[PDB]
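Structure record follows, encoded as structure tokens.
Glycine gets a Cβ as well: all are built from the backbone with ideal geometry, and neighbour counts include every protein chain shown. Values quoted throughout were computed directly from the atomic coordinates according to the rules given, and no laboratory measurement underlies them.
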Amino acid sequence: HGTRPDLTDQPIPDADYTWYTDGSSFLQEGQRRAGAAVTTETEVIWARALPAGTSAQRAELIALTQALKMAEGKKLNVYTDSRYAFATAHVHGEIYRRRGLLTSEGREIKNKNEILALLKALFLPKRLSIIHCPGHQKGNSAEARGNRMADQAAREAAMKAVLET
């Protein structure tokens, strides 16, 4: 009946998982390729190539949603460099849903199905923080490294799918 009341935008100290997500989308070999990833600072938890023509923004929602599903029952800090996915998760998604805009034939809202899946996935972690950090950071901080890891993994997945066919 609504969205997740305890969803926070700052890291929680006691988290089981601190994960970084990224979606990427680019033209490779005459086609729009996309990838989505979930990583720690140092290791890839999950990464996938997504369907041809997937946008960066859709990929970012898909990565975030996957982090939520994987962290079911656990305390999760997840980072995203997408203002779009951050805002969708925290604010826009639930408004669009309550207005009936997600299940409508209106194509005025992009990524309707991913947003609905994200909204459902928000309830899975025991505790949840979805944190925005600027991407493509030159910083040496953990978050800068986690985001570069996630960007790398997402891009690697999309590219690997291309050359594996």
Original post:
Where does each of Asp16, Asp9 land when they are ranked from fewest to most other beta-carbon atoms within 10 angstrom?
Top reply: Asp9, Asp16
Original post:
Where does each of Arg99, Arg48 land when they are ranked from fewest to most other beta-carbon atoms within 10 angstrom?
Top reply: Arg99, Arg48
**OP:** Taking just the C-alpha trace of the chain, give me its Rg and Dmax in Å.
**Re:** 15.3, 46
**OP:** Apply the Karplus parameterisation 6.51 cos²θ - 1.76 cosθ + 1.60, with θ equal to phi minus 60°, to every residue of the stretch 51-64 and state each ³J(HN,Hα) to the nearest whole Hz, in sequence, with x for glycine and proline.
**Re:** x, 3, x, 4, 6, 4, 5, 4, 5, 5, 5, 5, 4, 4
Original post:
What list of ³J(HN,Hα) values in whole Hz, one per residue of the stretch 16-22 in order, does the Karplus curve 6.51 cos²θ - 1.76 cosθ + 1.60 (θ = phi - 60°) give from phi, with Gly and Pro shown as x?
Top reply: 6, 10, 10, 10, 10, 10, 8
**OP:** Add +1 for every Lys or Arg and -1 for every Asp or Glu among the other residues with Cβ under 14 Å from the Cβ of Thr18, and state the total.
**Re:** -1
**OP:** Output the relative contact order of the chain, whole-number percent, from Cα pairs under 8 angstrom with separation of 6+ residues.
**Re:** 35 percent
Original post:
Taking the stretch 123-165, how much of its Cα-Cα pair set, in percent, is spaced more than 15 angstrom apart?
Top reply: 58 percent
**OP:** Using the Karplus curve 6.51 cos²θ - 1.76 cosθ + 1.60 with θ = phi - 60°, work out ³J(HN,Hα) for each residue of the stretch 30-37 in order, rounded to whole Hz, and write x for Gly and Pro.
**Re:** x, 8, 7, 10, 9, x, 9, 9
Subject >> Pairwise centroid distance, computed over Cα atoms, of the stretch 62-113 with the stretch 2-56, Å >> reply: 12 Å
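Nearest 5 percent is fine: what portion of the DSSP beta bridges confined to the stretch 3-145 is antiparallel?
The antiparallel fraction comes to roughly 55 percent.
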**OP:** Take each of the peptides 90-98, 57-65, average the number of other beta-carbon atoms within 10 Å over its residues, and list them starting from the highest.
**Re:** 57-65, 90-98
Original post:
When only Cα pairs under 8 Å and 6 or more residues apart are kept, what is the percent relative contact order across the stretch 88-165?
Top reply: 18 percent
**OP:** Provide, for the chain, the number of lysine pairs with alpha carbons under 13 Å apart, each pair being eight or more places apart or on different chains.
**Re:** 5
